[PDB]
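# Analysis of the macromolecular model
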Amino acid sequence: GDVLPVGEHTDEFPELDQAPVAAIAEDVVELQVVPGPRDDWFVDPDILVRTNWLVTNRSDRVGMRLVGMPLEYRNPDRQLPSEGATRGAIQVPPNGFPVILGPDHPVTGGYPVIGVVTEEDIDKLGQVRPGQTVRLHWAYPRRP
Amino acid sequence: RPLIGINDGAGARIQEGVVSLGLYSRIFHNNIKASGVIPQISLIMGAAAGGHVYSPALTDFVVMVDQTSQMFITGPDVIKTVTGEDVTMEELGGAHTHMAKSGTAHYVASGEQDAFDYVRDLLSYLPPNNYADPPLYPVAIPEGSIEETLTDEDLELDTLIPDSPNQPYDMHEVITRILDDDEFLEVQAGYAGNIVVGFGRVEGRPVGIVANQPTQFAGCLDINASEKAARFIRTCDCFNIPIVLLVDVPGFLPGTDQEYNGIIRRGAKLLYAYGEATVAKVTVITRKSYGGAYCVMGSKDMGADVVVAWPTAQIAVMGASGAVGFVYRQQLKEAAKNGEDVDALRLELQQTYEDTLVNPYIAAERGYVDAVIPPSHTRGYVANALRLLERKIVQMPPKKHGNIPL
Amino acid sequence: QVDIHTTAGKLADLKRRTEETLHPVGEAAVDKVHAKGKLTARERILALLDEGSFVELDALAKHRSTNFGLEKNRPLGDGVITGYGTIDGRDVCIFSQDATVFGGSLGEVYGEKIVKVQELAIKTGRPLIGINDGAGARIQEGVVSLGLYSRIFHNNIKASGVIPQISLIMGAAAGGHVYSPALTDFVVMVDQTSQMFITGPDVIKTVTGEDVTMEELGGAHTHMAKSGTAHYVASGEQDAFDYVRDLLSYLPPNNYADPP
Amino acid sequence: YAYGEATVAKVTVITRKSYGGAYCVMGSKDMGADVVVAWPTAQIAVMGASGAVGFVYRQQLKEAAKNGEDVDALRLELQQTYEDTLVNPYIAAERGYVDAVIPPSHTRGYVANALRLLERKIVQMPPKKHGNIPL
Amino acid sequence: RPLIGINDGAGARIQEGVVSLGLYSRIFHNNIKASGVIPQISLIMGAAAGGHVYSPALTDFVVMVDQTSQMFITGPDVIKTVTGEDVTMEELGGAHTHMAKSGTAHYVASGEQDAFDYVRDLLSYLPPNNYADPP
Amino acid sequence: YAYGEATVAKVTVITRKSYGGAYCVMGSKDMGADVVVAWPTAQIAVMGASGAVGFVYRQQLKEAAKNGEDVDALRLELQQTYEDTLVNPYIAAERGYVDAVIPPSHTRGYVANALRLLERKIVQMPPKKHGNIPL
Amino acid sequence: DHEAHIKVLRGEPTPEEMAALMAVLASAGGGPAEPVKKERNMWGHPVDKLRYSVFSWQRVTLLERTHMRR
Amino acid sequence: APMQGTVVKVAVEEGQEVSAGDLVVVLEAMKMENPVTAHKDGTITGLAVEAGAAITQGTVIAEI
Amino acid sequence: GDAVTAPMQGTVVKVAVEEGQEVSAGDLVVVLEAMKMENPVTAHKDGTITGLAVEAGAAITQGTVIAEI
Ligand SMILES: CCC(=O)SCCNC(=O)CCNC(=O)[C@H](O)C(C)(C)COP(=O)(O)OP(=O)(O)OC[C@H]1O[C@@H](n2cnc3c(N)ncnc32)[C@H](O)[C@@H]1OP(=O)(O)O
Ligand SMILES: CCC(=O)SCCNC(=O)CCNC(=O)[C@H](O)C(C)(C)COP(=O)(O)OP(=O)(O)OC[C@H]1O[C@@H](n2cnc3c(N)ncnc32)[C@H](O)[C@@H]1OP(=O)(O)O
Ligand SMILES: CCC(=O)SCCNC(=O)CCNC(=O)[C@H](O)C(C)(C)COP(=O)(O)OP(=O)(O)OC[C@H]1O[C@@H](n2cnc3c(N)ncnc32)[C@H](O)[C@@H]1OP(=O)(O)O
Ligand SMILES: *C(=O)CCCC[C@@H]1SC[C@@H]2NC(=O)N[C@@H]21
């Protein structure tokens, strides 16, 4: 029963009947991740790209919560000074399961960002449903 | 006689000298000689490294096993040394990589037995060589007219096409209904899914199907589909297998990525393959065939032998939305100056253009479509046409070989 | 009517157009043809070919001319019926000219349709039957029709000695219509209802003063006993088709086949 | 037959009339004339205007008589209109049945140049043992 | 004998409709027949759009003029509507893009006279047909 | 495919490296190069000596590492012995995969001789409609 | 007599069971396989589609052989 | 079930008659409780799901 | 059924839970390495781990029962 107004249109007119678009993947989604900045916090960060992550039912517009091989902190008692965050940043809360921030993410985060999905791929996160598999690859060589 | 190679190997045996490279050169030169003479099939069932990869590439069909086989020229350790890219051998050369990305594999078997079963299926369609007759199965042709012999499975085609020109449908619903037993051996099923290519039979005759798939990129042609279909067509033409095209193409896939990667140079491959091919070539047009993609997908002057269209076909230079902007730019300027309801005028003009010209009947009037048929007629029409066209003589200027755009 | 913006409605419209291809100038002209006792161009094909074997090409074609008001009347098929089918189970390509549409005179699209079935026959190596009944070139279209006549004659010369070509003459062939038969291998005429002549009695009278009927000038008896151009003179259209099926029973499909 | 069969270089120069079926016989383009040139005086038509205007403008030229008009003059005006419009090389040139319309003096140059271009030809015909020319 | 096309473009004439597509199909079929038989050269000297681009692609050599010729299948505004990227005709399809990126061009001339010079140079090496010897 | 198919005269001049599969692609003798010559500086090998020695001497390079020896200096000594033994034109000349090893100045002489003699090559492929180049 | 007959190698049926066997086998038996009117028609035979070098021996041992073999 | 989620409530009895617009089940998913609403009057036949069970999209909750 | 079963033939690189631990649907049970990739196995129902029959470093066949409930 909500009523939505339709705005006044510009003078331009629709000149194309349809756009071809690549079909959205049904299960395994593969993403290109820029490494770090806090990838040195972990005992073995390449588990991030070696793991078939599974998307949990907790995923929403604030963030997508994965399960997989736990990531191990190099110093598990180390606290992080809270820092700015962005859509597609892959946080690793101290339980070791990654979270990929969505559009409604808080402006600053409390957990180390192990990587960020490239702008090429962030919008694919917008379509991944719970129960899909995710694979990650480093967008360029991670070296400390 | 067909040659089957089963390939595993860590490339050249490094302790043997350049002799091993001489033997590679001889094996490659034989694959080139045999190219288009005998069916060549490569099974890859392990890591094929270095020179082991180029013989498969020169053979006609590549079958891989989905986790136990890889192909790569340069190993992960050299890639790491030269670029820093830390990659597993499966990510580098795996069967999924060579299907979905590189386009090299033709099939990805779930196991070795499944790979052998697919290779036997392939061999069952091919003749032993480019001059022997193809292996027809015995099929008894029923008597009476095409309209007298419609099955209920044919009548399921009359309701297939969605009413909206833009709602997609699975083209396999056509392919499996016009092929015998619904039997269809798809080739490169995982690669460039906007075009479907593969073998079937029509009244026992082997045929190659090439069909636009509306469910991917709305059926547009792109670089990968153009190469997928071009080599399949040239493989059928080597071995005298008739081709049947199912056309439903809105155009080429727009984008700067396609332009910068060479859609002009590599789309011209499918023109070359179809114009060169001298087998029987039947086109069935289902919905769209626009612009240059009409030329590519089996146009009459590209030497399509029989072209039939369904009532839902749409053969036009471009979609009416784009065409009206040229064809009536005068009236649209006058209406803009007069401050008229320009959008309502554009809708009136567009619906007039669609009703008048975006249909099969203009191409039928000009003889580019030999008949417009009820969709259910398609199986009978295609079979009857292949039976007419089973022998062709076509004159071509004498040449050493063509110069297909690479 | 079913909404044309729907798939079922587009199929109903195709069925409507196909129905309109059976009588493109109205049933009254088919009734005139039957009152004259001749078959229609379609019935000639369906009587010659084996039942249900006829597959029609370019059924929905319409002429493109706008000279002298032709754009006001665009009959479907453009006055010729073209296709293929079987005689005694062997495939043949066929065309049959319809004297009800512009007198059967050859236009541009008419010629393109004949050229199409010629090229199909030459390609596939199958006999070609032509049924001829047309008042020459369609004068309103001008020289385009002469270019189509040249293209048809050139295809008859290409096919000459490659595939068996048979011509049935079943009405008045005037002007250019006479040479394609003369280039084919066998000409079968019907003894009182067909003629061939290059130019008609009125021109012959004007130039020479000879006064002559079309029947004496170019009838089937004249072209048998005098000119030597006809190979059979059938008592009627069924007898002509029976002679054509007899002829085809002796001939191979092409010069690279053995006689059956 | 002989002209359509011949595969040597075939050049056609059209001077004055080329009417009807005799245009088809005498070196028409679609009979495989390699180069067709016409002089300005060429007249390419289905038939002479006096015959065509008896067939076009039919009914119109008889309702003129039923209205009592001087159809004997009207038919001459229709003839002049038909000849001025259609009985010339340019309709065939517009259809590309004549490859060039040339000043008559150009004929020797065009013929020599055409023959020099056409001195080598490949033309391919269906395979046959021999033709069946009308005897 | 060699065939030179000086392609300029703007695609199919939209008012004429499907006949322009059938004529494109015929032109492409002849480019394929001629492929490997006679040397084919395409000079691009304007915005070759749509159907105009496949014929050059089927010819043997494509010479483009640097700042003043373009090739693309589909224009920047349809690209903008689908892909959202803004691009100019020059960036999308200029001679630099078809040399360095797409690999479709064989030469990028500094001007039309330089393009003609390069075409004459090519022809100086190529024979008239595959049955002839190189000069 | 293009090189193996080509039936014109084919000459190869090797100047430094020709390693691995690129030896095969760049005009190897068994691919049907008509004349192969190499400069004194040519280096024809299955792979570069670094990569080759690490593989061929796996036994010694593991054993020395378990002994804790100067494996790096051992690798340099083995690599030098391999480069001096096998990475030269002479093993290919011994196999006859290079027809002559020549002073570089002789290159134009050998090329011109070959091109003058091979202007007609009496060579053929198995009959085919066409090949099936990987596309 | 030198025809190859059907043998009931084991069993001893009655004439009714013989008749049933024969009527089954006789109506199962294949029809006109290898048909009597397999005409020759060399139009567009694949051997004519191949490119042959002007000196190719296959012009003798394939092309001419295939046309002339009867 | 319009999505994968956990059946936090099943709101009706086996065989129970239901009216269009009543609730059959509630699924936790998307960090949100999603109600499942009956689209027609009928009888809840063979209620195949248990409270706290996880289920996958497109599974039948009941026939209607 | 109440059995958690291995979806693939692989090696147990990490056991995440112990018997009598409470678990909720979608909690991690074990990780299997195969083909150089590591894959989670997760609880299908709320309950508590019983019948635990695998250990880190065990290579297990496809369909191996890991635990119940
Ligand atoms: C142009 C082609 C070239 O240049 S070949 C250069 C690359 N060849 C290589 O040897 C390195 C790349 N790949 C490998 O060799 C790997 O072994 C591959 C094929 C990927 C498989 O690895 P994996 O299954 O672990 O085998 P491995 O390394 O333990 O070797 C097993 C036995 O095979 C042998 N082997 C292997 N490759 C070669 C070769 N190219 N030439 C000669 N021998 C080779 C190994 O020496 C070993 O034999 P052994 O156990 O030492 O008796
Ligand atoms: C190749 C060089 C040429 O110019 S050859 C041109 C030949 N012209 C003619 O013969 C004129 C046609 N008049 C005739 O009498 C013919 O010989 C025919 C039709 C064969 C005699 O048959 P008949 O049974 O007497 O019929 P009809 O003449 O009464 O038929 C009149 C209807 O046919 C039409 N028709 C006829 N010929 C043409 C023609 N060439 N071009 C255009 N229309 C033609 C008449 O217009 C008339 O049709 P309608 O009733 O007016 O709709
Ligand atoms: C299968 C082929 C297709 O689908 S082509 C479909 C799209 N056709 C195009 O318009 C080509 C792409 N368009 C462009 O990017 C530019 O407009 C092109 C044509 C390349 C260059 O035009 P430009 O130099 O800007 O001139 P302009 O836009 O002022 O137009 C000048 C006159 O040319 C005409 N014109 C142009 N293209 C066409 C065409 N395809 N069909 C018909 N007419 C065309 C314009 O109407 C205009 O005529 P006028 O001078 O305004 O009377
Ligand atoms: C849902 O579980 C995703 C939560 C993502 C936002 C919250 S806010 C408080 C924590 N701090 C942070 O950076 N992300 C977490």
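Residues numbered from 1 in each chain as written, not as in the entry; some residues may be left out. Chains lettered and ligands numbered in written order. Part of a larger assembly, values for the part shown. Heavy atoms only, no water. Residues with missing side-chain atoms left out of burial classes, pairs and counts.

cryo-EM is the method the PDB entry lists for this structure, together with a resolution of 2.9 Å.

## Focus: the sheet that holds strand β3 (residues 35–38) of chain F
Residue and element names in this part refer to chain F. Taken in spatial order, the 3 strands line up as β1-β3-β5 in an open sheet, and their pairing is parallel. Pairing within the sheet leaves two strands with one partner each, and these edge strands are β1 (11–14) and β5 (100–101). In this sheet, β3 lies alongside β1 in parallel orientation, the contact comprising 4 bridges. What sits directly across from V11, in β3, is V35. Packed onto the sheet, helix α7 (residues 107–117) meets β1, β3 and β5 and runs at close to 165 degrees relative to β1. (Pairing = 2+ DSSP bridges. Helix = DSSP H or I, 4+ residues; strand = E, 2+ residues; numbered from the N terminus. Contact = heavy atoms within 4.5 Å. Axes fitted to C-alpha atoms, helices over the stretch in contact; angles between N-to-C directions.)

## Re the sheet that holds strand β5 (residues 100–101) of chain D
Residue and element names in this part refer to chain D. The sheet built from 3 strands is open, its strands ordered β1-β3-β5 with parallel pairing. With one partner strand each, in any of the chains shown, β1 (11–14) and β5 form the two edges of the open sheet. Pairing geometry for strand β3 (residues 35–38) and β5, over 2 bridges, is parallel. Its bridge partner lying in β5, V37 is registered against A100. Across the face of the sheet, helix α7 (residues 107–117) comes into contact with β1, β3 and β5 while running at roughly 165 degrees to β1.

## Side note on the pattern of salt bridges
Between side chains of opposite charge, a pair can form as their charged atoms come close. Here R26 of chain B makes a salt bridge to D30 of chain F, at a shortest N to O gap of 3.1 Å. Note that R26 of chain B is positioned in helix α1 (residues 19–34) and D30 of chain F in the loop between α2 (20–25) and β3, a pairing that runs across two chains. The partner of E203 of chain B in a salt bridge is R387 of chain B, with the nearest N and O atoms 3.0 Å apart. With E203 of chain B in the loop between β7 (195–202) and β8 (205–212) and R387 of chain B in helix α17 (residues 378–388), the pair connects residues that are 184 residues apart, well separated along the chain. Among the ionic contacts, a cluster of salt bridges with common partners joins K38, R44, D133 and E237 of chain C. (Salt bridge = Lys/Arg side-chain N within 4 Å of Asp/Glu carboxyl O.)

## Some words on unusual backbone geometry
Residue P37 of chain A follows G36 of chain A across a cis peptide bond; omega there is 15 degrees. Along the chain, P37 of chain A falls in the loop between β1 (29–35) and α1 (47–50). A positive phi angle is found at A218 of chain B, which is not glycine, with a value near 55 degrees. Mapped onto the elements, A218 of chain B comes out in the loop between β8 and α9 (223–238). Positive phi values are uncommon outside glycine, yet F68 of chain C reaches one of about 50 degrees.

## Overview of the interface of chain B and chain E
In this assembly, 42 residues from chain B lie in contact with 45 residues from chain E. For the side of chain B that touches chain E, the elements supplying multiple residues, two or more each, are α10 (256–261), α11 (263–276), α12 (291–296), β12 (314–316) and α13 (320–327) of chain B. In terms of residues, the side of chain B that touches chain E owes the most to one element, α11 of chain B, which gives 8 residues. A breakdown of the residues in the side of chain B that touches chain E according to their chemical character gives 25 nonpolar, 10 polar and 7 charged. (Nonpolar A, V, L, I, M, F, W, Y, C, P; charged D, E, K, R; others polar.)

## Comments concerning the interface of chain C and chain G
With 12 residues of chain C at the contact, the number on the chain G side is 4 residues. Per-class residue counts for the side of chain C that touches chain G are 5 nonpolar, 4 polar and 3 charged.

## Examining the environment of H63 of chain C
All names here are of chain C. Tracing the backbone shows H63 in the loop between β1 (55–57) and β2 (80–87). Taking the C-alpha atoms as reference points, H63 and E112, 49 residues apart in sequence, are found 10 Å from one another. For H63, the residues in contact, after removing those within four places along its chain, are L70, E71, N73, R74, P75, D78, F102, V109, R138 and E141. Within the structure, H63 has its side chain in polar contact with the backbone oxygen of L70 (distance 3.1 Å). For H63, the side chain forms a polar contact with the main-chain oxygen of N73, separated by 2.9 Å. (Polar contact = N/O pair within 3.5 Å; in protein donor to acceptor, adjacent residues only side chain to side chain.)

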